[PDB]
Amino acid sequence: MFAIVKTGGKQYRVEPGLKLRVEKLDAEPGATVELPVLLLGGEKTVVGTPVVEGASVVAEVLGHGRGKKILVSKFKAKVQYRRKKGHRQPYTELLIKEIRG
Amino acid sequence: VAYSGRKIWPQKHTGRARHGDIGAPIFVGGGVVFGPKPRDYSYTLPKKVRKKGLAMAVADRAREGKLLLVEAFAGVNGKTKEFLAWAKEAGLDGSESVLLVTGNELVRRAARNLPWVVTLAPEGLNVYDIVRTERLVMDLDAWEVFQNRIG
Amino acid sequence: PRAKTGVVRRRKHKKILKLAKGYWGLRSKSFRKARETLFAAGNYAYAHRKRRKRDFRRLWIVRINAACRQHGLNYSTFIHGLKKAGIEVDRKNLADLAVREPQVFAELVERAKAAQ
Amino acid sequence: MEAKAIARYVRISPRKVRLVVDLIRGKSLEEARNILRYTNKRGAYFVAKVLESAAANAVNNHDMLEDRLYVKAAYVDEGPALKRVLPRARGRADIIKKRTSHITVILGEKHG
Amino acid sequence: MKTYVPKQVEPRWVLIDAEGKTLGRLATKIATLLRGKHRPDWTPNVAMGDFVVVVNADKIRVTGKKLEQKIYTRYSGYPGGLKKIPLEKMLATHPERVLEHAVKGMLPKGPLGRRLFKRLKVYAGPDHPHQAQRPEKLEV
Amino acid sequence: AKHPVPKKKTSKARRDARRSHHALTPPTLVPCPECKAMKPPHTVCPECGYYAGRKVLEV
RNA sequence: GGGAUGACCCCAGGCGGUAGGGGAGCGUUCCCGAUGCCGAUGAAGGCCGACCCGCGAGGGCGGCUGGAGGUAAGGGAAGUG
RNA sequence: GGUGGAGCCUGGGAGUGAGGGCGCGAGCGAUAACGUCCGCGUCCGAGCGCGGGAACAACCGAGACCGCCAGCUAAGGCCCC
RNA sequence: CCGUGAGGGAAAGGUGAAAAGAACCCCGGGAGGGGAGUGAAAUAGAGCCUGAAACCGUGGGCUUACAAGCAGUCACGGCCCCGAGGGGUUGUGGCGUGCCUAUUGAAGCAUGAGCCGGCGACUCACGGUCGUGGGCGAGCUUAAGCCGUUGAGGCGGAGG
Ligand SMILES: NC(=[NH2+])NCCC[C@H](N)C(=O)O
Ligand SMILES: [Mg+2]
Ligand SMILES: [Mg+2]
Ligand SMILES: [Mg+2]
Ligand SMILES: [Mg+2]
Ligand SMILES: [Mg+2]
Ligand SMILES: [Mg+2]
Ligand SMILES: [Mg+2]
Ligand SMILES: [Mg+2]
Ligand SMILES: [Mg+2]
Ligand SMILES: [Mg+2]
Ligand SMILES: [Mg+2]
Ligand SMILES: [Mg+2]
Ligand SMILES: [Mg+2]
Ligand SMILES: [Mg+2]
Ligand SMILES: [Mg+2]
Ligand SMILES: [Mg+2]
Ligand SMILES: [Mg+2]
Ligand SMILES: [Mg+2]
Ligand SMILES: [Mg+2]
Ligand SMILES: [Mg+2]
Ligand SMILES: [Mg+2]
Ligand SMILES: [Mg+2]
Ligand SMILES: [Mg+2]
Ligand SMILES: [Mg+2]
Ligand SMILES: [Mg+2]
Ligand SMILES: [Mg+2]
Ligand SMILES: [Mg+2]
Ligand SMILES: [Mg+2]
Ligand SMILES: [Mg+2]
Ligand SMILES: [Mg+2]
Ligand SMILES: [Mg+2]
Ligand SMILES: [Mg+2]
Ligand SMILES: [Mg+2]
Ligand SMILES: [Mg+2]
Ligand SMILES: [Mg+2]
Ligand SMILES: [Mg+2]
Ligand SMILES: [Mg+2]
Ligand SMILES: [Mg+2]
Ligand SMILES: [Mg+2]
Ligand SMILES: [Mg+2]
Ligand SMILES: [Mg+2]
Ligand SMILES: [Mg+2]
Ligand SMILES: [Mg+2]
Ligand SMILES: [Mg+2]
Ligand SMILES: [Mg+2]
Ligand SMILES: [Mg+2]
Ligand SMILES: [Mg+2]
Ligand SMILES: [Mg+2]
Ligand SMILES: [Mg+2]
Ligand SMILES: [Mg+2]
Ligand SMILES: [Mg+2]
Ligand SMILES: [Mg+2]
Ligand SMILES: [Mg+2]
Ligand SMILES: [Mg+2]
Ligand SMILES: [Mg+2]
Ligand SMILES: [Mg+2]
Ligand SMILES: [Mg+2]
Ligand SMILES: [Mg+2]
Ligand SMILES: [Mg+2]
Ligand SMILES: [Mg+2]
Ligand SMILES: [Mg+2]
Ligand SMILES: [Mg+2]
Ligand SMILES: [Mg+2]
Ligand SMILES: [Mg+2]
Ligand SMILES: [Mg+2]
Ligand SMILES: [Mg+2]
Ligand SMILES: [Mg+2]
Ligand SMILES: [Mg+2]
Ligand SMILES: [Mg+2]
Ligand SMILES: [Mg+2]
Ligand SMILES: [Mg+2]
Ligand SMILES: [Mg+2]
Ligand SMILES: [Mg+2]
Ligand SMILES: [Mg+2]
Ligand SMILES: [Mg+2]
Ligand SMILES: [Mg+2]
Ligand SMILES: [Mg+2]
Ligand SMILES: [Mg+2]
Ligand SMILES: [Mg+2]
Ligand SMILES: [Mg+2]
Ligand SMILES: [Mg+2]
Ligand SMILES: [Mg+2]
Ligand SMILES: [Mg+2]
Ligand SMILES: [Mg+2]
Ligand SMILES: [Mg+2]
Ligand SMILES: [Mg+2]
Ligand SMILES: [Mg+2]
Ligand SMILES: [Mg+2]
Ligand SMILES: [Mg+2]
Ligand SMILES: [Mg+2]
Ligand SMILES: [Mg+2]
Ligand SMILES: [Mg+2]
Ligand SMILES: [Mg+2]
Ligand SMILES: [Mg+2]
Ligand SMILES: [Mg+2]
Ligand SMILES: [Mg+2]
Ligand SMILES: [Mg+2]
Ligand SMILES: [Mg+2]
Ligand SMILES: [Mg+2]
Ligand SMILES: [Mg+2]
Ligand SMILES: [Mg+2]
Ligand SMILES: [Mg+2]
Ligand SMILES: [Mg+2]
Ligand SMILES: [Mg+2]
Ligand SMILES: [Mg+2]
Ligand SMILES: [Mg+2]
Ligand SMILES: [Mg+2]
Ligand SMILES: [Mg+2]
Ligand SMILES: [Mg+2]
Ligand SMILES: [Mg+2]
Ligand SMILES: [Mg+2]
Ligand SMILES: [Mg+2]
Ligand SMILES: [Mg+2]
Ligand SMILES: [Mg+2]
Ligand SMILES: [Mg+2]
Ligand SMILES: [Mg+2]
Ligand SMILES: [Mg+2]
Ligand SMILES: [Mg+2]
Ligand SMILES: [Mg+2]
Ligand SMILES: [Mg+2]
Ligand SMILES: [Mg+2]
Ligand SMILES: [Mg+2]
Ligand SMILES: [Mg+2]
Ligand SMILES: [Mg+2]
Ligand SMILES: [Mg+2]
Ligand SMILES: [Mg+2]
Ligand SMILES: [Mg+2]
Ligand SMILES: [Mg+2]
Ligand SMILES: [Mg+2]
Ligand SMILES: [Mg+2]
Ligand SMILES: [Mg+2]
Ligand SMILES: [Mg+2]
Ligand SMILES: [Mg+2]
Ligand SMILES: [Mg+2]
Ligand SMILES: [Mg+2]
Ligand SMILES: [Mg+2]
Ligand SMILES: [Mg+2]
Ligand SMILES: [Mg+2]
Ligand SMILES: [Mg+2]
Ligand SMILES: [Mg+2]
Ligand SMILES: [Mg+2]
Ligand SMILES: [Mg+2]
Ligand SMILES: [Mg+2]
Ligand SMILES: [Mg+2]
Ligand SMILES: [Mg+2]
Ligand SMILES: [Mg+2]
Ligand SMILES: [Mg+2]
Ligand SMILES: [Zn+2]
């Protein structure tokens with residue numbers, strides 16, 4: 001049994017026992033949240049339109065952090081315009097507990 | 001610099017750069033551009049600004065109670081050890097840097113070698129030395145002239 | 001007081017050469033040529049991370065149109081159905097159902113031929 | 001175990017002797033000698049002498065058997081340069097680099 | 001979650017008759033197969049496409065005056081080496097190359113699409129020696 | 001003539017590649033049938049002055 | 001808007017850019033801080049680092065080299081990149 | 001009406017005073033020129049950053065703070081590349 | 001050293017606390033090295049403190065002989081290393097016109113630069129003019145000097 005949830009403006013396939021990095025959530029670590037659903041399948045197939053009423057995915061907030069550093073560099077030639085920036089992307093690592101629908 | 005001034009090689013057709021005298025700062029061992037020279041960093045701060053900072057300085061130590069005066073120095077006569085016995089009895093243990101401010105020479109001579117005492121004729125009491133220190137001591141004399149300088 | 005270059009210039013040149021490790025020829029061994037290269041790659045990256053999101057969608061789309069055509073229609077005709085049907089599942093997921101879960105996708109196809 | 005010789009400041013151009021050293025590397029001591037001996041060039045007199053000087057160090061100072069000896073590692077590094085002038089035509093003087101060599105040779109025992 | 005990457009897949013063999021079929025509008029299906037863009041698991045940087053065995057390639061059809069006015073060309077490297085070859089004669093000489101040259105240009109450029117054309121095998125006549133492959137004939 | 005001269009420094013790789021032919025072909029040696037010392041075929045053995053089975057040189 | 005004031009929090013909007021104006025910072029030499037603190041259980045410098053904090057310039061941590069110097073919070077002055 | 005990186009005033013610091021393509025109105029030119037000289041505007045200049053135009057500073061689209069393997073669109077496009 | 005001559009004008013410092021500066025033996029003509037020995041340290045061995053970068057070489061891992069290219073960036077995959085992750089490498093697919101300069105406009109077949117390391121360019125004094133942090137305020141301020149100090153400050157009203 002598997003589910004397509006939508007958090008962080010993006011849609012993910014989840015299953016029990018899945019560690020998932022998603023966009024940061026306002027959620028104290030250790031706590032648990034519910035994720036909207038768009039499609040359940042595997043055993044019995046069910047399609048959201050756009051979502052599904054009662055179905056929800058229960059996840060555990062393992063913690064919050066910051067992805068690796070990406071080097072966003074800007075440079076225009078014959079103009080003396082360089083730019084350098086350090087960017088680390090906030091993010092939330094979840095655990096998929098169950099699929100209650 | 002101590003070189004000549006001949007144009008080292010012609011202006012044109014040598015195949016290399018343009019140069020004149022090898023004293024140019026673009027050369028090595030040559031001239032220095034905007035390097036230092038003798039200067040009179042001294043300058044004329046306003047009196048009242050010093051006669052006032054000379055009273056603000058003391059007062060600060062006064063707020064702390066770190067200021068102390070004395071009639072005379074009992075039994076000092078030009079030997080450092082004649083002083084610590086005194087300073088001991090005055091609560092001056094050495095745990096605090098001190099500014100000793102008196103006219104009595106012998107006294108200034110006794111403690112001037114002391115790693116935690118700044119000596120001065122009260123005629124030379126200055127803020128920096130005050131702030132430098134953790135405490136401040138004076139003769140009522142040195143106290144008196146003091147008064148008569150901030151007045 | 002004088003203050004020559006000292007330890008400053010070198011070190012910075014070792015910043016640029018560490019980021020240049022793996023580059024061909026001097027580009028990794030010559031400072032100057034290491035900068036001139038780190039400049040481009042600096043724009044190539046951000047020029048391309050902006051593209052990853054377009055290189056995939058086009059891919060994803062390329063796989064969906066293949067499956068969709070296994071059921072008798074094309075990527076164009078079933079994007080509309082999922083619209084009219086009110087289905088918002090994305091091409092990334094849609095592109096993975098199309099392969100691993102081919103019978104869920106078949107549903108979506110069906111729920112698309114009808115929504116019209 | 002290992003035994004090596006090092007002929008330093010050898011006045012010879014490296015990029016020449018190495019053509020000799022590259023010709024004996026990994027060879028049996030007797031096979032090098034046989035090669036260094038009829039290798040029609042000038043760096044052979046030097047690569048050889050170093051080979052022997054190393055074979056001695058092995059047999060005599062490191063308790064190694066002149067019969068197990070092969071050339072484990074040989075490698076010619078370059079040293080300082082003898083910068084000598086060369087008057088060309090029309091008052092211009094060049095600068096020739098008479099090259100000095102660092103010829104090191106490491107021997108081993110191919111047991112069995 | 002990441003995108004799916006298909007492990008090595010045993011390719012499939014297709015057999016396409018071309019008799020009567022129109023040239024350019026046949027080679028568009030082939031190249032598609034070669035590319036593999038008919039597979040739900042398509043992948044750009046691998047040869048995950050069918051092999052295409054075309055037959056009766058001498059019977060391809062074409063519209064208009066092309067046999068007389070379609071000029072296959074070559075350049076022999078030297079001066080004056082521009083070879084202008086009409087469609088009529090390529091058939092009456094090396095026909096399996098009218099289709100080949102057509103599909104060839106519908107396959108990408110670079111290595112990959114250069115080894116996809118290899119997976120194309122166009123023979124003139126009703127037979128092919130690839131019987132040992134048991135090709136899955138297609139209708140298009 | 002107009003003094004031809006290189007337009008660009010030759011890379012390491014480009015010179016070291018051109019030197020894929022500078023390998024020394026080691027000398028051809030064979031044993032002498034009367035002293036077994038290695039030496040080039042077709043030459044009067046420098047180790048025992050033998051050639052063709054007979055003596056020819058002092059060594 | 002909170003709260004009262006740059007405490008951090010929420011809502012909204014701005015942020016392509018040469019010449020050029022402006023603002024806030026890093027880093028090098030030097031002085032007070034310093035008759036102090038760090039240092040042979042190893043200073044400055046040098047080679048690596050995929051770890052830490054910083055938008056970035058840069059700052060620490062660790063390992064190898066190195067073998068006698070270095071220098072904090074806070075300020076001052078320039079032969080300062 | 002309009003609260004906008006709008007306007008007025010005083011004051012400090014500049015750079016610019018070699019522009020160019022396009023569109024419309026003219027002169028000059030041959031109802032020539034990637035020609036030239038003015039006027040309103042636009043763009044490049046400084047957006048040689050992005051999409052389209054096969055490729056191309058100025059034609060069409062659109063004003064790039066940063067990150068996403070999410071969605072909708074503009075010009076332009078949907079047989080294959 | 002250059003110049004007939006006036007005249008021009010360099011480069012070049014450092015072992016170690018102490019020479020205790022490597023007896024003797026070994027390969028070699030020697031140079032040089034290999035053990036022994038000294039030293040806390042000998043890639044501190046006199047061609048010596050630290051020893052960076054270009055540059056050269058030896059061994060190892062990945063990779064390359066139907067490919068095309070400002071050499072890199074994104075995605076994926078294979079092999080190697082380190083112990084749902086990372087590091088090195090590059091086969092394929094996508095994209096992609098160096099840096100600086102001067103230009104209406106350059107990848108630009110316009111200028112400069114082979115490469116690396118160090119020197120290398122907006123300052124100073126007086127006067128002026130805005131701004132600014134302070135001190136005093138119809139008042140503010142001293143200059144040369146005199147005394148003091150020996151990194152002590154105070155006096156000095158002429159004058160502006
Ligand atoms: N007695 C005096 N006035 N002493 C003033 C200090 C003199 C000298 N600088 C010292 O430190 O010894
Ligand atoms: Mg450019
Ligand atoms: Mg440039
Ligand atoms: Mg520039
Ligand atoms: Mg620039
Ligand atoms: Mg985040
Ligand atoms: Mg002079
Ligand atoms: Mg002189
Ligand atoms: Mg000359
Ligand atoms: Mg002159
Ligand atoms: Mg000179
Ligand atoms: Mg001069
Ligand atoms: Mg000088
Ligand atoms: Mg000199
Ligand atoms: Mg000189
Ligand atoms: Mg200078
Ligand atoms: Mg000057
Ligand atoms: Mg000058
Ligand atoms: Mg003076
Ligand atoms: Mg000044
Ligand atoms: Mg003065
Ligand atoms: Mg003190
Ligand atoms: Mg003292
Ligand atoms: Mg400098
Ligand atoms: Mg430096
Ligand atoms: Mg620098
Ligand atoms: Mg640095
Ligand atoms: Mg960079
Ligand atoms: Mg892009
Ligand atoms: Mg997009
Ligand atoms: Mg693709
Ligand atoms: Mg159809
Ligand atoms: Mg949708
Ligand atoms: Mg599967
Ligand atoms: Mg030979
Ligand atoms: Mg022997
Ligand atoms: Mg000659
Ligand atoms: Mg001459
Ligand atoms: Mg002559
Ligand atoms: Mg040379
Ligand atoms: Mg089909
Ligand atoms: Mg298609
Ligand atoms: Mg294929
Ligand atoms: Mg036709
Ligand atoms: Mg034929
Ligand atoms: Mg000629
Ligand atoms: Mg002639
Ligand atoms: Mg040339
Ligand atoms: Mg190389
Ligand atoms: Mg090499
Ligand atoms: Mg070559
Ligand atoms: Mg004999
Ligand atoms: Mg901006
Ligand atoms: Mg904006
Ligand atoms: Mg703007
Ligand atoms: Mg500017
Ligand atoms: Mg401001
Ligand atoms: Mg500022
Ligand atoms: Mg600072
Ligand atoms: Mg600095
Ligand atoms: Mg001190
Ligand atoms: Mg000190
Ligand atoms: Mg010790
Ligand atoms: Mg240590
Ligand atoms: Mg220093
Ligand atoms: Mg420091
Ligand atoms: Mg260190
Ligand atoms: Mg000392
Ligand atoms: Mg300091
Ligand atoms: Mg500080
Ligand atoms: Mg201070
Ligand atoms: Mg300077
Ligand atoms: Mg300077
Ligand atoms: Mg306003
Ligand atoms: Mg404005
Ligand atoms: Mg304005
Ligand atoms: Mg103004
Ligand atoms: Mg003018
Ligand atoms: Mg002009
Ligand atoms: Mg001008
Ligand atoms: Mg003008
Ligand atoms: Mg004009
Ligand atoms: Mg014009
Ligand atoms: Mg144009
Ligand atoms: Mg026009
Ligand atoms: Mg019109
Ligand atoms: Mg018109
Ligand atoms: Mg007109
Ligand atoms: Mg007119
Ligand atoms: Mg015109
Ligand atoms: Mg003109
Ligand atoms: Mg004009
Ligand atoms: Mg420009
Ligand atoms: Mg301009
Ligand atoms: Mg534009
Ligand atoms: Mg604009
Ligand atoms: Mg544009
Ligand atoms: Mg550009
Ligand atoms: Mg460009
Ligand atoms: Mg464009
Ligand atoms: Mg384009
Ligand atoms: Mg295009
Ligand atoms: Mg706009
Ligand atoms: Mg849509
Ligand atoms: Mg088209
Ligand atoms: Mg093509
Ligand atoms: Mg003369
Ligand atoms: Mg002479
Ligand atoms: Mg002269
Ligand atoms: Mg001398
Ligand atoms: Mg010494
Ligand atoms: Mg001896
Ligand atoms: Mg001897
Ligand atoms: Mg001997
Ligand atoms: Mg000796
Ligand atoms: Mg020795
Ligand atoms: Mg010992
Ligand atoms: Mg020790
Ligand atoms: Mg040590
Ligand atoms: Mg060392
Ligand atoms: Mg040492
Ligand atoms: Mg020393
Ligand atoms: Mg050394
Ligand atoms: Mg050395
Ligand atoms: Mg190698
Ligand atoms: Mg081929
Ligand atoms: Mg191959
Ligand atoms: Mg991909
Ligand atoms: Mg683990
Ligand atoms: Mg392409
Ligand atoms: Mg590529
Ligand atoms: Mg472009
Ligand atoms: Mg361009
Ligand atoms: Mg120019
Ligand atoms: Mg020009
Ligand atoms: Mg070019
Ligand atoms: Mg060129
Ligand atoms: Mg020019
Ligand atoms: Mg330039
Ligand atoms: Mg040169
Ligand atoms: Mg440099
Ligand atoms: Mg400057
Ligand atoms: Mg100025
Ligand atoms: Mg100056
Ligand atoms: Mg000034
Ligand atoms: Mg002023
Ligand atoms: Mg005042
Ligand atoms: Mg006054
Ligand atoms: Zn013989």
# chains A, B, ... in the order shown; residues from 1 in each chain; ligands from 1
$ select_by_dssp --residues "chain E" --states "alpha helix (DSSP H)" --output "PyMOL selection string"
chain E and resi 23-35+66-69+87-91+96-104+111-116
$ residues_near_ligand --ligand "ligand 132" --cutoff "9 Å" --atoms "only C-alpha atoms (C1' of nucleotides) and all ligand atoms" --output "PyMOL selection string"
(chain H and resi 48-50) or (chain I and resi 96-97)
$ interface_residues --of "chain C" --to "chain B" --cutoff "12 Å" --atoms "only C-alpha atoms" --output "MDAnalysis selection string"
chainID C and resid 1:3
$ residues_around --residues "segment 32-38 of chain F" --least-positions-apart "5" --cutoff "8 Å" --atoms "only C-alpha atoms (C1' of nucleotides)" --output "MDAnalysis selection string"
(chainID D and resid 34) or (chainID F and resid 45 47:48 50 53)
$ write_last_selection --atoms "C-alpha atoms" --output "compact mmCIF listing (two decimals), in the first residue's frame"
# COMPACT_ATOMS: atom_id res chain seq x y z
CA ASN D 34 73.88 -7.26 -20.15
CA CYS F 45 82.85 -12.36 -28.69
CA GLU F 47 84.60 -12.16 -23.60
CA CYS F 48 86.70 -14.96 -25.12
CA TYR F 50 85.85 -16.86 -30.08
CA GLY F 53 84.11 -22.04 -32.99
$ residues_near_ligand --ligand "ligand 47" --cutoff "12 Å" --atoms "only C-alpha atoms (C1' of nucleotides) and all ligand atoms" --output "number ranges by chain"
F: 1-3
$ residues_around --residues "segment 33-36 of chain C" --least-positions-apart "5" --cutoff "12 Å" --atoms "only C-alpha atoms (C1' of nucleotides)" --output "MDAnalysis selection string"
(chainID A and resid 75:77 82) or (chainID C and resid 12:28 41:43) or (chainID I and resid 70 72 98:100 113 115:116)
$ write_last_selection --atoms "C-alpha atoms (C1' of nucleotides)" --output "PDB file, in the first residue's frame"
ATOM      1  CA  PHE A  75      29.830  36.637 -13.533  1.00  0.00           C
ATOM      2  CA  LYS A  76      29.476  39.092 -16.420  1.00  0.00           C
ATOM      3  CA  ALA A  77      32.388  39.452 -18.835  1.00  0.00           C
ATOM      4  CA  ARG A  82      31.298  38.884 -10.139  1.00  0.00           C
TER       5      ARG A  82
ATOM      6  CA  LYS C  12      43.727  32.868  -2.077  1.00  0.00           C
ATOM      7  CA  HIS C  13      45.348  31.253  -5.112  1.00  0.00           C
ATOM      8  CA  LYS C  14      45.047  27.958  -3.222  1.00  0.00           C
ATOM      9  CA  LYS C  15      41.334  28.605  -2.730  1.00  0.00           C
ATOM     10  CA  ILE C  16      40.883  28.877  -6.494  1.00  0.00           C
ATOM     11  CA  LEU C  17      43.070  25.851  -7.258  1.00  0.00           C
ATOM     12  CA  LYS C  18      41.250  23.595  -4.784  1.00  0.00           C
ATOM     13  CA  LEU C  19      37.934  24.392  -6.475  1.00  0.00           C
ATOM     14  CA  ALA C  20      39.739  23.797  -9.792  1.00  0.00           C
ATOM     15  CA  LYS C  21      40.871  20.253  -8.952  1.00  0.00           C
ATOM     16  CA  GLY C  22      39.981  17.890 -11.785  1.00  0.00           C
ATOM     17  CA  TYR C  23      40.252  20.486 -14.553  1.00  0.00           C
ATOM     18  CA  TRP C  24      42.242  19.735 -17.682  1.00  0.00           C
ATOM     19  CA  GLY C  25      45.750  21.036 -18.257  1.00  0.00           C
ATOM     20  CA  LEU C  26      46.674  24.308 -16.589  1.00  0.00           C
ATOM     21  CA  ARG C  27      43.034  25.069 -15.694  1.00  0.00           C
ATOM     22  CA  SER C  28      43.705  23.029 -12.549  1.00  0.00           C
ATOM     23  CA  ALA C  41      31.258  26.723 -14.400  1.00  0.00           C
ATOM     24  CA  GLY C  42      29.867  29.208 -11.896  1.00  0.00           C
ATOM     25  CA  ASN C  43      27.341  30.358 -14.490  1.00  0.00           C
TER      26      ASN C  43
ATOM     27  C1'   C I  70      36.710  27.914 -24.164  1.00  0.00           C
ATOM     28  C1'   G I  72      33.532  22.964 -18.342  1.00  0.00           C
ATOM     29  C1'   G I  98      38.109  32.395 -22.545  1.00  0.00           C
ATOM     30  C1'   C I  99      40.065  36.790 -18.836  1.00  0.00           C
ATOM     31  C1'   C I 100      41.227  41.847 -19.359  1.00  0.00           C
ATOM     32  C1'   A I 113      49.357  38.269 -21.221  1.00  0.00           C
ATOM     33  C1'   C I 115      53.790  29.788 -16.364  1.00  0.00           C
ATOM     34  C1'   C I 116      54.423  30.542 -11.574  1.00  0.00           C
TER      35        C I 116
END
$ interface_residues --of "chain G" --to "chain C" --cutoff "7 Å" --atoms "only C-alpha atoms (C1' of nucleotides)" --output "ChimeraX atom specification"
/G:28-30,78-80
$ interface_residues --of "chain G" --to "chain A" --cutoff "10 Å" --atoms "only C-alpha atoms (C1' of nucleotides)" --output "ChimeraX atom specification"
/G:17-18,54-57
$ write_last_selection --atoms "N, CA and C atoms (P, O5', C5', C4', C3', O3' and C1' of nucleotides)" --output "PDB file, in the first residue's frame"
ATOM      1  P     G G  17      22.568  42.836 -10.472  1.00  0.00           P
ATOM      2  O5'   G G  17      23.125  43.898 -11.521  1.00  0.00           O
ATOM      3  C5'   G G  17      23.936  43.496 -12.614  1.00  0.00           C
ATOM      4  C4'   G G  17      24.199  44.651 -13.547  1.00  0.00           C
ATOM      5  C3'   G G  17      24.806  45.892 -12.910  1.00  0.00           C
ATOM      6  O3'   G G  17      26.213  45.807 -12.761  1.00  0.00           O
ATOM      7  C1'   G G  17      22.954  46.524 -14.217  1.00  0.00           C
ATOM      8  P     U G  18      27.065  47.113 -12.373  1.00  0.00           P
ATOM      9  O5'   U G  18      27.601  47.653 -13.771  1.00  0.00           O
ATOM     10  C5'   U G  18      28.557  46.910 -14.511  1.00  0.00           C
ATOM     11  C4'   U G  18      29.285  47.771 -15.512  1.00  0.00           C
ATOM     12  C3'   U G  18      29.786  49.110 -14.994  1.00  0.00           C
ATOM     13  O3'   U G  18      31.021  49.010 -14.311  1.00  0.00           O
ATOM     14  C1'   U G  18      28.638  49.445 -17.022  1.00  0.00           C
ATOM     15  P     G G  54      25.667  29.977  10.104  1.00  0.00           P
ATOM     16  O5'   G G  54      26.734  31.004   9.515  1.00  0.00           O
ATOM     17  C5'   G G  54      27.073  32.184  10.228  1.00  0.00           C
ATOM     18  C4'   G G  54      27.842  33.166   9.379  1.00  0.00           C
ATOM     19  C3'   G G  54      27.328  33.407   7.970  1.00  0.00           C
ATOM     20  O3'   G G  54      26.176  34.225   7.906  1.00  0.00           O
ATOM     21  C1'   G G  54      29.663  33.158   7.905  1.00  0.00           C
ATOM     22  P     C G  55      24.993  33.835   6.891  1.00  0.00           P
ATOM     23  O5'   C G  55      25.681  33.900   5.453  1.00  0.00           O
ATOM     24  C5'   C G  55      25.416  32.907   4.472  1.00  0.00           C
ATOM     25  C4'   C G  55      25.471  33.469   3.071  1.00  0.00           C
ATOM     26  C3'   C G  55      26.857  33.684   2.483  1.00  0.00           C
ATOM     27  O3'   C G  55      27.385  32.496   1.916  1.00  0.00           O
ATOM     28  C1'   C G  55      25.482  35.583   2.065  1.00  0.00           C
ATOM     29  P     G G  56      28.782  31.892   2.426  1.00  0.00           P
ATOM     30  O5'   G G  56      29.883  32.766   1.679  1.00  0.00           O
ATOM     31  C5'   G G  56      29.917  32.858   0.262  1.00  0.00           C
ATOM     32  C4'   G G  56      30.596  34.131  -0.170  1.00  0.00           C
ATOM     33  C3'   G G  56      31.969  34.368   0.444  1.00  0.00           C
ATOM     34  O3'   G G  56      32.999  33.741  -0.298  1.00  0.00           O
ATOM     35  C1'   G G  56      30.630  36.288   0.757  1.00  0.00           C
ATOM     36  P     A G  57      34.364  33.290   0.419  1.00  0.00           P
ATOM     37  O5'   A G  57      35.165  34.654   0.600  1.00  0.00           O
ATOM     38  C5'   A G  57      35.458  35.486  -0.511  1.00  0.00           C
ATOM     39  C4'   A G  57      36.168  36.737  -0.067  1.00  0.00           C
ATOM     40  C3'   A G  57      37.239  36.525   0.992  1.00  0.00           C
ATOM     41  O3'   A G  57      38.484  36.119   0.452  1.00  0.00           O
ATOM     42  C1'   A G  57      35.808  38.261   1.682  1.00  0.00           C
TER      43        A G  57
END
$ residues_around --residues "segment 42-46 of chain A" --least-positions-apart "3" --cutoff "9 Å" --atoms "only C-alpha atoms (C1' of nucleotides)" --output "ChimeraX atom specification"
/A:1-3,38-39,52 /C:101,103-104,107
$ select_by_dssp --residues "chain A" --states "strand (DSSP E)" --output "ChimeraX atom specification"
/A:2-7,10-14,19-22,32-35,37-41,46-47,56-76,81-100
$ interface_residues --of "chain H" --to "chain A" --cutoff "7 Å" --atoms "only C-alpha atoms (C1' of nucleotides)" --output "ChimeraX atom specification"
/H:66-67,70
$ atom_distance --atom1 "atom CA of residue 81 of chain C" --atom2 "atom CA of residue 97 of chain C"
17.0 Å
$ residues_near_ligand --ligand "ligand 22" --cutoff "10 Å" --atoms "only C-alpha atoms (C1' of nucleotides) and all ligand atoms" --output "list in words"
residues 96, 97, 98, 115, 116, 117, 118, 129, 132, 133 and 134 of chain B; 33, 34, 35 and 36 of chain G
$ interface_residues --of "chain F" --to "chain D" --cutoff "7 Å" --atoms "only C-alpha atoms" --output "list in words"
residues 23, 24, 26, 27 and 38 of chain F
$ residues_near_ligand --ligand "ligand 34" --cutoff "9 Å" --atoms "only C-alpha atoms (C1' of nucleotides) and all ligand atoms" --output "VMD selection string"
(chain C and resid 99 to 101) or (chain E and resid 4 6)
$ interface_residues --of "chain I" --to "chain D" --cutoff "8 Å" --atoms "only C-alpha atoms (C1' of nucleotides)" --output "PyMOL selection string"
chain I and resi 26-28+31-35+56-58
$ atom_distance --atom1 "atom CA of residue 64 of chain D" --atom2 "atom CA of residue 25 of chain D"
18.7 Å
